[PDB]
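Observations on chain architecture
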Amino acid sequence: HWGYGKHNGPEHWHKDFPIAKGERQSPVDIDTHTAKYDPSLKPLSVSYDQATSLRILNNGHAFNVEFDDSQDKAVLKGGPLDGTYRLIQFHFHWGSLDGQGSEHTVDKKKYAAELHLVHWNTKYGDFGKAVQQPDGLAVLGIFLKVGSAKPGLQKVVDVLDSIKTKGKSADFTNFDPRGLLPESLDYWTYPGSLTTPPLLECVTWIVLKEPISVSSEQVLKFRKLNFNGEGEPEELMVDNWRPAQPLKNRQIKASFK
Ligand SMILES: NS(=O)(=O)c1ccc(CNC(=O)COc2ccc3ccc(=O)oc3c2)cc1
Ligand SMILES: [Zn+2]
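Thresholds applied
- Residues numbered from 1 in each chain as written, not as in the entry; some residues may be left out.
- Chains lettered and ligands numbered in written order.
- Heavy atoms only, no water.
- Near = heavy atom within 4 Å.
- Polar contact = N/O pair within 3.5 Å; in protein donor to acceptor, adjacent residues only side chain to side chain.
- Areas by Shrake-Rupley, 256 points an atom, 1.4 Å probe, with all protein chains shown as cover.
- 1 Å grid on protein atoms, 1.4 Å probe; cavity = no way out; pocket = protein on both sides within 12 Å on 5 of 7 lines; lining within 4 Å.
- Sits in = over half its atoms within 2 Å of the grid points.
- Helix = DSSP H or I, 4+ residues; strand = E, 2+ residues; numbered from the N terminus.
- Nonpolar A, V, L, I, M, F, W, Y, C, P; charged D, E, K, R; others polar.
- Donors = N, O, S within 2.8 Å, 3.2 Å for Na, K, Ca; no water.
- Tetrahedral: all angles 85-135°; square planar, octahedral: opposite > 155°, others 65-115°.
- Buried < 20%, exposed > 50% of the residue type's maximum accessible area, 1.4 Å probe, protein only.
- Points joined across faces, edges and corners; volume = space filled by probe spheres on them.
- UniProt positions renumbered as here; feature names shortened; annotations may be inferred.
- Contact = heavy atoms within 4.5 Å.

Below, the discussion takes up the site of ligand 1. Taken together, 13 residues lie near ligand 1, and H116, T195, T196, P198 and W205 sit nearest. Separating a nitrogen atom of ligand 1 from a side-chain N or O atom of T195 is a distance of 2.7 Å. Contact with the protein chains covers 56% of the free accessible surface of ligand 1, which is 630 Å². In this structure, ligand 1 is accommodated by the largest pocket. Within the residue set of the shell around ligand 1, elements represented by two or more residues are β7 (85–94) and β9 (113–121). With 3 residues, the single largest contributor to the shell around ligand 1 is β7. Its residues placed into classes, the shell around ligand 1 shows 7 nonpolar, 6 polar and no charged.

Structure (structure tokens):
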């Protein structure tokens, strides 16, 4: 099955998922000089005050913090989006060293990690139906750089010891994702895909320009997780990122001048 190793990593995914070579794959490099300011874009509306987190899960490729999406509680709207998108989960991609880890890049710069807050379009009823539509998902991407600690991340970091291996989960209620946002909501946006199999081309990507800072100790704790299950040979969960894909016939639009 697919993963991030030499024998099953991103270069191999097209054999089981031919859409890997498709026309709107993610992530991409964001060339800041070529992205055009679009004055018709609106400010992003991030309404997380009623977010209800439930659980954190190691799925063998990252860890997901899962939310109650049975009602309009935490929603993303505005920006490039039409309609209402419900938060279902967030997760990260990160590197073995601080010089790599993000999926999107900015003028070829790689950040240490990248947070993805995943939302689905409520006009399609459920997540599984949404991923079958070109406007089914909105993913908010936030870069992480290593410097000062992010206080709002520490509750995530301190639970990772309890979900070290694939298939482990832990209760994770009352976590506030507003503590993971940077000050500015300036963003780039383009049409793309899921960055892991099945690589479906259903995502409006919204990537924030301002990164958040996390400490070296915080990201070192990410790198102690395992891709393997309990009792199996230890394979550290590092470098779980897909590299940039061809932009093809797409324009990246900037919300800011
Ligand atoms: N990194 S990202 O872009 O933010 C991102 C990436 C992915 C998701 C949601 N995940 C999925 O859709 C996977 O679904 C699957 C995969 C494999 C099988 C194998 C057998 C089978 O029968 O069912 C399957 C169903 C959300 C956000
Ligand atoms: Zn992701």
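Right, picking up where we left off after that structure.
Now for the coordination of the zinc ion (ligand 2). The coordination sphere of the zinc ion (ligand 2), as far as protein atoms go, consists of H91 (NE2), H93 (NE2) and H116 (ND1), spread over 2.1 to 2.2 Å. Relative to the metal, the 4 donor atoms surrounding the zinc ion (ligand 2) lie at angles of 98 to 119°, and the coordination shape comes out tetrahedral. Mapping the donors of the zinc ion (ligand 2) onto the primary sequence yields the spacing H-x1-H-x22-H. Both residues of the pair, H91 and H93, belong to the buried class.

This brings us to the layout of surface pockets. Considering only enclosed or pocket space, the largest pocket measures out at about 360 Å³ in volume. Around the largest pocket, the lining comprises 22 residues; the ones closest to its centre are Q89, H91, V118, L194 and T196. At the level of secondary structure, the elements contributing two or more residues to the lining of the largest pocket comprise β7, β9, β10 (137–146) and β13 (203–208). When residues of the lining of the largest pocket are assigned to their parent elements, the largest contribution, 4 residues, is made by β7. Across the lining of the largest pocket, the residue classes break down as 13 nonpolar, 9 polar and no charged. Estimated volume of the second largest pocket: approximately 310 Å³. Along the wall of the second largest pocket there are 13 residues; nearest its centre are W2, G3, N8, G60 and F227.

Let's shift gears to the UniProt feature "binding site: substrate" in the protein. In the numbering adopted here, UniProt assigns the feature "binding site: substrate" to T195 and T196. Considered against the largest pocket, the annotated residues that line it turn out to be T195 and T196. Looking at the secondary structure, you find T195 in the loop between β12 (187–192) and β13. When near neighbours in sequence (up to four residues on either side) are disregarded, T195 contacts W13, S26, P27, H93, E103, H116, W205 and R242. Side chain to side chain, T195 and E103 meet in a polar contact 2.6 Å long. Tracing the backbone through its elements, the reader meets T196 in the loop between β12 and β13. Given the relative accessible area of 16%, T196 is considered buried. Discounting residues that sit within four places of it in the chain, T196 has contacts with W2, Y4 and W13.

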